[PDB]
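Cβ: placed from backbone, ideal geometry, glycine included. Neighbour counts: every protein chain shown. Please treat every number below as a calculation from the coordinates, not as lab data.
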């Protein structure tokens, strides 16, 4: 039945659309982690060098 | 024609390309923003060390 | 080889979640296959099948589907007697077969012409040299058989197949005073070199 196949895929394809969004939300979560990790690494490395100079 | 089923496949892949492309741009923007905030905090620490050094003098 | 029938327009590629597969089905089952492929796995779109070509036995078609569907699809295709034969628009493989076709078909002529000419020369020289050896065997044996001041005529016969025994008897009778074996000098040549 062509109509039942069209209904079945129109439902089931939404799982791939959901994963397609979830991968980008994982990359965005990694961007917020890497923001804090990079910021902390930069600040502490420079702060210690600056403190040693004084 | 087979184009009906092909566009139903491509619809989910197009969502992946759009969502991942925006997330890649957000990562690059965030790495620059992290450095710009780090540059403010290291100067605030430097100013405090400078004040302390002048007090010791 | 798929190189004869494959073209880019029948494929879905370059994708995170999407795949194309290729299947061969016997022509008697094609009318069932046209609907059955939509049911061999979950996450298969309707109208996913695109024919590349057909013959006296079978049809070969591309199938377009989501990446999770492929293993059940191929396994259930095999359960339903269909044969998987994947070739995902392999430009390098179709190019290599076409390049070798153009090369080998041309190199055959580049060998053939010189080979016929060289074989004609080598045939002529080898056949001429063969007869020089035959002439030397006749000459050397004549010189041995009669001594160094030789006076032998060199002669040719082409024997009649129906009367060669009578020929041997005549040749013996004409030369019985000179001494298989024969009292005269004898050698043979056969033109059936080509079978």
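Put simply, the C-alpha atoms of the range C:146-195 give a gyration tensor, and the ellipsoid matching it has half-axes of 24, 16, 9 Å, longest first. Looking at the P(r) of the range C:90-195, how many percent of alpha-carbon pairs lie beyond 21 Å? Result for the distance tail: 62 percent. Taking the number of Cβ atoms within 10 Å of each Cβ as an exposure proxy, the fewest-first ranking of C:164, C:6, C:24 is C:164, C:24, C:6.
Any chance you could tell me what percent of the C-alpha pair distances in chain A go past 18 Å? Present the calculation step by step, with values, prior to reporting the outcome.
Numbers: 900 of 1431 pairs.
Of all Cα-Cα pairs in chain A, 63 percent lie more than 18 Å apart.
Residues of C:45-57, mean number of Cβ from any other protein chain within 10 Å of their own Cβ, rounded to a whole number? The shielding value for this peptide is 4. The sum of -39500 (n - 2.57) across all DSSP H runs of n ≥ 4, divided by the residue count of the protein assembly as shown, sets its helix-only mean residue ellipticity at 222 nm to -22500 deg cm²/dmol. Rounded to the nearest 10 degrees, the angle from helix B:3-56 to the longest Cα principal axis of chain B is 0 degrees.
Please list log₁₀ I(q)/I(0) at q = 0.09 Å⁻¹ for chain C, using the Debye equation with identical point scatterers on the alpha-carbon positions. With no solvent term, the Cα-only Debye profile gives -0.59. Counted by neighbouring Cβ atoms within 10 Å, the residues B:19, C:134, B:56 run from fewest to most as B:56, C:134, B:19. Could you work out how far helix A:2-53 tilts from the main Cα principal axis of chain A, as a 0 to 90 degree angle to the nearest 10? Rounded to the nearest ten degrees, it is 0.
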